[PDB]
Amino acid sequence: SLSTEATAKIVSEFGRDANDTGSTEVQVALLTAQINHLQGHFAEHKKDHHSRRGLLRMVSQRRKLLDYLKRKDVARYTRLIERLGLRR
RNA sequence: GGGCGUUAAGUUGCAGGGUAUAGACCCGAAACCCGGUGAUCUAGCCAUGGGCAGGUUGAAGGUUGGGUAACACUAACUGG
Ligand SMILES: [Mg+2]
Ligand SMILES: [Mg+2]
């Protein structure tokens, strides 16, 4: 689950202060950040089915809570995906 | 007693009739063996030079976009 140090960086700008660790902005950011790095892990290995199963949770959850906010505070999303990368 | 002999002139030439060896009345095989001449046709190969109007289809490969959590996937265009 990446480094205990890491994510320290990403709570800023996304969050209003450090240890504001629960804004939906950050977890999404935490998830993507892992996922992205973590796609390297499945390049090599790749027949590591089990590890993948955990991945999709990250992806499922990410997407599930990326949909939550779509209902609350409009364009509190259109100010973060492009800020990050993903709307495919 | 028996068998074969003694009682029957031969021989050397010349001509003829046969026969033996020879091609041995004449013509005639398909073949067998020896030694030469042939890859200017043709089979294959070896160098060295030529030839294939015109019209199709459109593999791999590349680029881009869609698609994926990432892949798969898919669309043009390019390519030949
Ligand atoms: Mg562990
Ligand atoms: Mg010749």
# chains A, B, ... in the order shown; residues from 1 in each chain; ligands from 1
call {"tool": "interface_residues", "arguments": {"of": "chain B", "to": "chain A", "cutoff": "10 Å", "atoms": "only C-alpha atoms (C1' of nucleotides)", "output": "ChimeraX atom specification"}}
result
/B:67-71
call {"tool": "write_last_selection", "arguments": {"atoms": "N, CA and C atoms (P, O5', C5', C4', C3', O3' and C1' of nucleotides)", "output": "PDB file, in the first residue's frame"}}
result
ATOM      1  P     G B  67     -14.221   6.785 -25.296  1.00  0.00           P
ATOM      2  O5'   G B  67     -13.957   5.218 -25.165  1.00  0.00           O
ATOM      3  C5'   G B  67     -14.981   4.274 -25.447  1.00  0.00           C
ATOM      4  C4'   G B  67     -14.515   2.862 -25.198  1.00  0.00           C
ATOM      5  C3'   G B  67     -13.870   2.597 -23.846  1.00  0.00           C
ATOM      6  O3'   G B  67     -14.811   2.398 -22.809  1.00  0.00           O
ATOM      7  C1'   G B  67     -12.500   1.704 -25.535  1.00  0.00           C
ATOM      8  P     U B  68     -14.498   2.919 -21.323  1.00  0.00           P
ATOM      9  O5'   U B  68     -13.361   1.927 -20.801  1.00  0.00           O
ATOM     10  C5'   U B  68     -13.704   0.595 -20.441  1.00  0.00           C
ATOM     11  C4'   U B  68     -12.499  -0.240 -20.074  1.00  0.00           C
ATOM     12  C3'   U B  68     -11.645   0.253 -18.920  1.00  0.00           C
ATOM     13  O3'   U B  68     -12.217  -0.036 -17.657  1.00  0.00           O
ATOM     14  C1'   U B  68     -10.251  -0.436 -20.703  1.00  0.00           C
ATOM     15  P     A B  69     -12.907   1.115 -16.766  1.00  0.00           P
ATOM     16  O5'   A B  69     -12.005   1.127 -15.445  1.00  0.00           O
ATOM     17  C5'   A B  69     -11.373   2.313 -14.982  1.00  0.00           C
ATOM     18  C4'   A B  69      -9.887   2.123 -14.787  1.00  0.00           C
ATOM     19  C3'   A B  69      -9.080   1.619 -15.972  1.00  0.00           C
ATOM     20  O3'   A B  69      -8.989   2.555 -17.042  1.00  0.00           O
ATOM     21  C1'   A B  69      -8.372   0.506 -14.035  1.00  0.00           C
ATOM     22  P     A B  70      -7.616   3.218 -17.548  1.00  0.00           P
ATOM     23  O5'   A B  70      -6.661   1.995 -17.874  1.00  0.00           O
ATOM     24  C5'   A B  70      -5.365   2.225 -18.405  1.00  0.00           C
ATOM     25  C4'   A B  70      -4.452   1.063 -18.117  1.00  0.00           C
ATOM     26  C3'   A B  70      -4.223   0.105 -19.276  1.00  0.00           C
ATOM     27  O3'   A B  70      -3.187   0.540 -20.139  1.00  0.00           O
ATOM     28  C1'   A B  70      -4.787  -1.117 -17.328  1.00  0.00           C
ATOM     29  P     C B  71      -3.461   0.776 -21.703  1.00  0.00           P
ATOM     30  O5'   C B  71      -3.373  -0.679 -22.331  1.00  0.00           O
ATOM     31  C5'   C B  71      -4.433  -1.600 -22.167  1.00  0.00           C
ATOM     32  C4'   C B  71      -3.923  -3.012 -22.134  1.00  0.00           C
ATOM     33  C3'   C B  71      -4.359  -3.885 -23.299  1.00  0.00           C
ATOM     34  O3'   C B  71      -3.524  -3.731 -24.431  1.00  0.00           O
ATOM     35  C1'   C B  71      -4.811  -5.005 -21.276  1.00  0.00           C
TER      36        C B  71
END
call {"tool": "residues_near_ligand", "arguments": {"ligand": "ligand 2", "cutoff": "10 Å", "atoms": "only C-alpha atoms (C1' of nucleotides) and all ligand atoms", "output": "list in words"}}
result
residues 39, 40 and 42 of chain B
call {"tool": "residues_around", "arguments": {"residues": "residue 68 in chain A", "least_positions_apart": "5", "cutoff": "12 Å", "atoms": "only C-alpha atoms (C1' of nucleotides)", "output": "list in words"}}
result
residues 24, 25, 28, 61, 62, 63, 73, 74, 76 and 77 of chain A
call {"tool": "residues_around", "arguments": {"residues": "residue 41 in chain A", "least_positions_apart": "3", "cutoff": "12 Å", "atoms": "only C-alpha atoms (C1' of nucleotides)", "output": "list in words"}}
result
residues 1, 2, 34, 35, 36, 37, 38, 44, 45, 46, 47, 48, 49, 51, 52 and 55 of chain A; 70 of chain B
call {"tool": "select_by_dssp", "arguments": {"residues": "range 30-87 of chain A", "states": "alpha helix (DSSP H)", "output": "PyMOL selection string"}}
result
chain A and resi 30-41+49-71
call {"tool": "write_last_selection", "arguments": {"atoms": "C-alpha atoms", "output": "tab-separated table (two decimals), in the first residue's frame"}}
result
chain	number	residue	atom	x	y	z
A	30	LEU	CA	-4.48	8.08	-2.71
A	31	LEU	CA	-6.18	5.36	-4.72
A	32	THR	CA	-5.27	6.55	-8.23
A	33	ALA	CA	-1.71	7.14	-7.04
A	34	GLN	CA	-1.39	3.52	-5.90
A	35	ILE	CA	-3.29	2.06	-8.85
A	36	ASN	CA	-1.07	3.90	-11.31
A	37	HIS	CA	2.20	2.81	-9.70
A	38	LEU	CA	0.61	-0.55	-9.06
A	39	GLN	CA	-0.06	-1.24	-12.74
A	40	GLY	CA	3.67	-1.72	-12.93
A	41	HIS	CA	3.41	-4.61	-10.51
A	49	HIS	CA	-4.57	-13.06	-9.90
A	50	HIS	CA	-5.17	-12.57	-6.18
A	51	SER	CA	-3.26	-9.30	-5.90
A	52	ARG	CA	-5.41	-7.95	-8.73
A	53	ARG	CA	-8.57	-8.72	-6.78
A	54	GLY	CA	-7.45	-6.12	-4.26
A	55	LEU	CA	-6.73	-3.70	-7.05
A	56	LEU	CA	-10.28	-3.64	-8.41
A	57	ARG	CA	-11.55	-2.84	-4.93
A	58	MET	CA	-9.44	0.30	-5.15
A	59	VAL	CA	-10.92	0.96	-8.57
A	60	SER	CA	-14.44	0.01	-7.53
A	61	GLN	CA	-14.27	2.09	-4.39
A	62	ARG	CA	-12.57	5.01	-6.15
A	63	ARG	CA	-15.30	5.07	-8.79
A	64	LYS	CA	-18.00	4.48	-6.19
A	65	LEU	CA	-17.02	7.54	-4.18
A	66	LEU	CA	-16.18	9.57	-7.27
A	67	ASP	CA	-19.90	9.15	-7.98
A	68	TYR	CA	-20.94	10.13	-4.49
A	69	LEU	CA	-19.76	13.69	-4.85
A	70	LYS	CA	-21.25	14.05	-8.36
A	71	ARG	CA	-24.50	14.49	-6.35
call {"tool": "atom_distance", "arguments": {"atom1": "CA of residue 83 in chain A", "atom2": "CA of residue 27 in chain A"}}
result
14.2 Å
call {"tool": "atom_distance", "arguments": {"atom1": "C1' of residue 75 in chain B", "atom2": "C1' of residue 59 in chain B"}}
result
18.8 Å
call {"tool": "decode", "arguments": {"residues": "range 3-86 of chain A", "atoms": "C-alpha atoms", "output": "compact mmCIF listing (two decimals), in the first residue's frame"}}
result
# COMPACT_ATOMS: atom_id res chain seq x y z
CA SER A 3 4.96 4.11 1.51
CA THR A 4 3.94 5.33 4.98
CA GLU A 5 5.85 8.48 4.12
CA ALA A 6 4.17 8.73 0.72
CA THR A 7 0.66 10.24 0.60
CA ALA A 8 2.10 12.82 2.98
CA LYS A 9 2.64 14.86 -0.15
CA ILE A 10 -0.75 14.30 -1.72
CA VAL A 11 -2.93 15.44 1.22
CA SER A 12 -1.88 19.02 0.50
CA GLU A 13 -3.41 21.03 -2.40
CA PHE A 14 -6.17 18.37 -2.46
CA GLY A 15 -6.83 18.98 1.24
CA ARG A 16 -7.24 22.24 3.16
CA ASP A 17 -4.49 21.24 5.61
CA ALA A 18 -2.45 18.13 6.43
CA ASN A 19 -4.23 15.47 8.57
CA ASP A 20 -7.42 16.50 6.72
CA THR A 21 -7.12 12.97 5.54
CA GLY A 22 -10.81 12.24 4.90
CA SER A 23 -11.99 14.65 2.19
CA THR A 24 -13.21 12.50 -0.69
CA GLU A 25 -10.59 14.33 -2.77
CA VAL A 26 -7.66 12.68 -1.04
CA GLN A 27 -8.68 9.00 -0.88
CA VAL A 28 -9.41 9.20 -4.61
CA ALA A 29 -5.97 10.74 -4.98
CA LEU A 30 -4.48 8.08 -2.71
CA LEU A 31 -6.18 5.36 -4.72
CA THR A 32 -5.27 6.55 -8.23
CA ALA A 33 -1.71 7.14 -7.04
CA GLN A 34 -1.39 3.52 -5.90
CA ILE A 35 -3.29 2.06 -8.85
CA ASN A 36 -1.07 3.90 -11.31
CA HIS A 37 2.20 2.81 -9.70
CA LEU A 38 0.61 -0.55 -9.06
CA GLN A 39 -0.06 -1.24 -12.74
CA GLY A 40 3.67 -1.72 -12.93
CA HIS A 41 3.41 -4.61 -10.51
CA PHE A 42 0.99 -6.40 -12.81
CA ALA A 43 3.12 -5.78 -15.89
CA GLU A 44 5.68 -8.26 -14.55
CA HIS A 45 4.10 -11.18 -12.64
CA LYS A 46 0.67 -10.63 -14.32
CA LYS A 47 -0.50 -14.19 -13.43
CA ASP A 48 -0.80 -12.82 -9.89
CA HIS A 49 -4.57 -13.06 -9.90
CA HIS A 50 -5.17 -12.57 -6.18
CA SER A 51 -3.26 -9.30 -5.90
CA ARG A 52 -5.41 -7.95 -8.73
CA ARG A 53 -8.57 -8.72 -6.78
CA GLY A 54 -7.45 -6.12 -4.26
CA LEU A 55 -6.73 -3.70 -7.05
CA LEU A 56 -10.28 -3.64 -8.41
CA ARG A 57 -11.55 -2.84 -4.93
CA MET A 58 -9.44 0.30 -5.15
CA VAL A 59 -10.92 0.96 -8.57
CA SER A 60 -14.44 0.01 -7.53
CA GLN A 61 -14.27 2.09 -4.39
CA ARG A 62 -12.57 5.01 -6.15
CA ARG A 63 -15.30 5.07 -8.79
CA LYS A 64 -18.00 4.48 -6.19
CA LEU A 65 -17.02 7.54 -4.18
CA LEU A 66 -16.18 9.57 -7.27
CA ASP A 67 -19.90 9.15 -7.98
CA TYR A 68 -20.94 10.13 -4.49
CA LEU A 69 -19.76 13.69 -4.85
CA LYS A 70 -21.25 14.05 -8.36
CA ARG A 71 -24.50 14.49 -6.35
CA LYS A 72 -23.03 16.95 -3.82
CA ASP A 73 -21.18 20.23 -4.57
CA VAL A 74 -21.25 20.22 -8.40
CA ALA A 75 -17.93 20.77 -10.14
CA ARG A 76 -16.10 19.81 -6.97
CA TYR A 77 -15.19 17.00 -9.40
CA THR A 78 -14.55 18.89 -12.57
CA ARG A 79 -11.88 20.59 -10.42
CA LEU A 80 -10.08 17.33 -9.53
CA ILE A 81 -10.17 14.69 -12.30
CA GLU A 82 -8.30 16.90 -14.80
CA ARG A 83 -6.32 17.88 -11.73
CA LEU A 84 -5.40 14.17 -11.64
CA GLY A 85 -5.96 12.53 -15.03
CA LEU A 86 -8.96 10.29 -15.21
